[PDB]
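Everything below concerns the one structure shown next.
We number each residue from 1, following the sequence as shown. Atom set for the values below is all heavy atoms of this structure, side chains included, hydrogens, waters and symmetry mates excluded. Counting starts at 1 for both ligands and their atoms, in listed order.
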Amino acid sequence: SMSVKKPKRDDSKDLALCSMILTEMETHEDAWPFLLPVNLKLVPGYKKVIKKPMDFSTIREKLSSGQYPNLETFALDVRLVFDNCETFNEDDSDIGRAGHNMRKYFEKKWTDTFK
Ligand SMILES: CNC(=O)c1scc2c1OCCO2
């Protein structure tokens with residue numbers, strides 16, 4: 001509360017570390033369904049069903065232009081990519097399995113870097 005704070009955490013490397021995690025995500029061989037925004041003109045139902053589309057290129061653009069105020073907002077956008085994937089794809093599908101793999105890959109890098 002006012003004048004009552006936990007010891008200050010060094011957050012100066014957070015931007016660089018999220019950038020590194022994102023690069024690792026982008027170069028994973030199962031990243032291909034998440035690299036670019038889903039084409040809303042060529043994929044029927046996607047625009048109506050998925051209220052908040054998200055992809056790795058949009059996260060990269062947001063990160064590089066100072067649009068993430070903190071760690072949690074970056075993590076929420078990464079998780080949104082995989083939550084969207086789960087909403088639109090059967091678990092028993094290549095993209096469905098890609099999403100599960102990429103979420104596990106992210107969460108391990110997230111805990112190891114910041115916990
Ligand atoms: C995360 N990606 C997806 O949910 C979907 S839905 C239809 C697609 C596609 O990604 C690749 C191309 O076509």
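- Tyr68 and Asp77 are linked by a side-chain donor-acceptor pair at a separation below 3.5 angstrom, with hydrogens and angles left out of the test.
- Partners of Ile95 by side chain to side chain contact (heavy atoms under 4.5 Å, CB included), not counting sequence neighbours, listed by chain and number: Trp32, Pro33, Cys85, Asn89.
- Checked by atom type, the side-chain pair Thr87/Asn84 shows no donor-acceptor distance below 3.5 Å.
- Under the salt bridge (charged side-chain N to carboxylate O under 4.0 Å, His left out) criterion, no residue pair touches residues 29-40, with sequence neighbours excluded.
- Take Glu86 and apply the side chain to side chain contact (heavy atoms under 4.5 Å, CB included) test, not counting sequence neighbours, and it matches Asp91, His100.
- Ion pair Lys52/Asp83 not flagged as a salt bridge, since none of the NZ, NE, NH1 or NH2 atoms sits closer than 4.0 Å to an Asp/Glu carboxylate oxygen.
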Pairwise, report which nitrogen or oxygen atoms of ligand 1 are under 3.5 angstrom from protein nitrogen or oxygen atoms, and how far apart they are.
| from | atom 1 | to | atom 2 | distance (Å) |
| --- | --- | --- | --- | --- |
| ligand 1 | 2 (N) | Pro33 | O | 3.2 |
| ligand 1 | 4 (O) | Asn89 | ND2 | 2.9 |

